[PDB]
Each structure stands twice: as C-alpha cells, then as structure tokens.
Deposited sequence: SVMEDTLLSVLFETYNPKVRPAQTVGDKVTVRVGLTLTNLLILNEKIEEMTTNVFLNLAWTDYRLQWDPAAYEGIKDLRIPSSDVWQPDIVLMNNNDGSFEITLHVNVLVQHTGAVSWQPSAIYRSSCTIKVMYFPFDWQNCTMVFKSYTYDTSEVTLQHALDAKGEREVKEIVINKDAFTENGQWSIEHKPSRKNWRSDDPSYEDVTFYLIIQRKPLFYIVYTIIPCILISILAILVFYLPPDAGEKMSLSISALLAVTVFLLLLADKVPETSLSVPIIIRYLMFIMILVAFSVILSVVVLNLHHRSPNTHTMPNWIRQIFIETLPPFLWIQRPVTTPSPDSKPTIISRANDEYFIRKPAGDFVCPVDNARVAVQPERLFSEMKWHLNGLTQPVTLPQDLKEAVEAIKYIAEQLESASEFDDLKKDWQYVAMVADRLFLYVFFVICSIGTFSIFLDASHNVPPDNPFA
C-alpha cells in the first residue's frame, strides 16, 4: 500500500543496519533464542555429524523501528526483508562444516512497539561426539550451540524464547506435530534447553539445545545378530558330528568363512573411532574366537580318532580320565600237503587274532575321541550360551537417563 511505502520511507531514512540498537551507551539488547525442530535428518556416525532441519525463533527489540499506527491507517506490523534491519549474528557454533549462518533469510516481522521477530530456516550440520560402546544399542547426546558470533554479554543478553501466548519461557526444543517427521532410526527421549557460561571467560554466553536420542537397532539386530546366532549354533553342532563322517572341518571352517563374511558386511557400518569397541564388534569377535576354538578342538578330536597302536602308545592318564572317569558323568558308558594246509590255516587264524587285538586298541582310541567330543559339546554349549546372554543383557541394560541433566 501507499501508507506502507510512506512508513518504510520514514523508518529507514537514517536507519543503519550495521549499528546495534542501543538507546544509551552501555545498554544491552535482549535476544530470545528458540528452536523448532522440523526434521532430524541424519546422525552420520562415520563423520560424527548430525543433520537437522530447524527454525530459529529469534526475537528482540529495536527502538528505532517504532511508529504510531494511528498515524498510518492502523498498521500494527510490517514484513521487512531481513537484510534491511539489524540482526544479532546468531550462528551455530559447533557446526561440522563451515556454515555458521542460516540458510533461508525469511523477512522479519516488525511491530509498532519496535519488537522484531525473525524465524529463519536452516539445514544445520552440527558436530556431536559418538559414544561407541553400546553401538548399535546406543543412545546419543547431540547438542546445538547457538550464540551471537560477534556480540558478547556486554552487548547482547541471550534468553529463552516465549511460548505462543508469551507468559513463561520455553526451555525445550519446540516440535510442531503438523510439520515433524520421525527419523525412523532415532527416538527423541529428551530435548531440553539451557544457557551456558564459562568460569574462565566472563564475556561468553550461549543457548544450547540438547537432543537425547536413542537408536532403534532392528536393522542391525536382523542383519548381524540373527546370522551370528545361527553360526554359533553351527559351532556347537560341529561336536555332534561323528569323526567318521569326514565333515567336521567343513562345518567349522565354513562357519569361520561365514563369520568373516558378516564382518565384511558390518565393516562399512560401524564408526571408526578408537575410544571404545562397540558391543556388536565385541560380539562378532567373541563368535569368531568361539568358532576358531571349535576348529581347534575339532582338529584335536580328529587327531585322537585316527590314532592306532602302529603310531601311538596310549598313556595311563588319558585312559583314566576319558575311559574310566568322564563317561559316567557325560552318560556315554560305551602227508606233506596236509601239514602245509594245517600250517596255512593256523597262520590265517593267528592273523585274524592279531587284527582283532589291533582293532580293539583302535576302538579304545576312538572311544576316547568320542568322550572328548561330547565334553567339548557340553562345554561349548555352556560357554556360548553364557557369553551371548551376558552380552545381550549388557546391551539391553543401556538406557538413556530419566533426567537429561541439562
């Protein structure tokens, strides 16, 4: 309208947007900093970065932008381009890239009292450290630090934003249900806001927004844990196979192949920080070592099975332990021509008797192998069950605190 033209011409005749609006030398400008989270895009753990789509709810007072609406056909407020007015250089300090400022410069709202309101949108990439110990059953604590890049506490005073009907401060990130997309991998547990100072530096003050988010581990659960459990079952099973099948090594070493394939699968998903080992990687390594020990003990059982008196002499301690003692505990419990012909028959009988004795000793060795194999089966079953149960309860007892502490 024409009256808007006249009002704008009057307001910005000598208005300098480079000058902070201070009635008197020494005054501080109160700036209220609020945040509206529209979308928690990503929390890339490989680079330790959070991407969010946010609004900054900024509000302050500019005494120069004051007019009496009765003199201008009752114009109570104006929509002025944001570059034409002074603004505090409120930026995201802990950004991972070099982009400190907002992305979209929506025009400001100026009221006839001089109260200026600005709600720019931005795509922010802040940097938050990842606690890689219970990954992927982990909760992260990612912050967004907002303050004026230029002005300090002697020039501006940061405050929390006010609610819709401004009566008391909002000490949380605002989420509008009309425009908010659930991440699908992260659940927002707490979203408090707090102002932070520094004891050493008295001119510092910021408004930090904290996002306590818990991961949903279903993808990792399926794609790593279920195959790992199946491979552990195979590692236990290798001890139920008879040594005569000639298949123990195939099973155990192919289980090792599967474990290293799953390691290849998981390599491109775990963060590369060295402060701790994620519980998933610990579980993979425990499964790998269990499969390696299954291979080792399968080799031992095969070696015991294929022994004979022609090669080995059975010691007394092995006989005492594996034949006398363990099986009850493991429930096993096992004319010239006539003379020539007579000599030939006698020789054949002696050969059969010697072969029978040899076979009996071989059966003793094979029985020792069987008993040891059953012992390994029970021991590995117990160890695998206890280890997997311990790791799963350790992971499942990891919960974000009830009090955000912020």
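Residues of the deposited sequence lacking C-alpha coordinates, counted from 1, fall in a single stretch, 335-397.
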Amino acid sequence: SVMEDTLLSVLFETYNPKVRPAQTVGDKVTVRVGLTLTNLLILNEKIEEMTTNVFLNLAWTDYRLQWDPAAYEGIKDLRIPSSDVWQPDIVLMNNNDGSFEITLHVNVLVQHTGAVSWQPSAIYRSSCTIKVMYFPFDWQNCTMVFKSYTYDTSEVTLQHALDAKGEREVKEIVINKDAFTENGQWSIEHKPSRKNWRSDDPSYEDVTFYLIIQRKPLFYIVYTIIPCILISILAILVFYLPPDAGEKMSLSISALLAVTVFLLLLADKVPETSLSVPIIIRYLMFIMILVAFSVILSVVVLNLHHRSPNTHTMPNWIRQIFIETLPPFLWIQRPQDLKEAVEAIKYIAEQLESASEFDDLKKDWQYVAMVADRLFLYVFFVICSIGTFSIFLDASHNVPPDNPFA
From here on, numbers count along this sequence of modelled residues.
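In this text, the rigid core denotes the largest set of C-alpha atoms whose superposition between the two forms falls within 1.5 Å.
RMS Cα deviation from the shown model in 9 other deposited structures of this protein, rigid core fit, is larger for 264-272 than for the other stretch of the pair 264-272 / 77-85.
In 9 other deposited structures of this protein, superposed by the rigid core, the C-alpha atoms of 345-353 lie farther from the shown form than the other of 345-353 and 50-58.
In at least a third of the other compared PDB entries of this protein that cover both flanking sides, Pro335 is left without coordinates.
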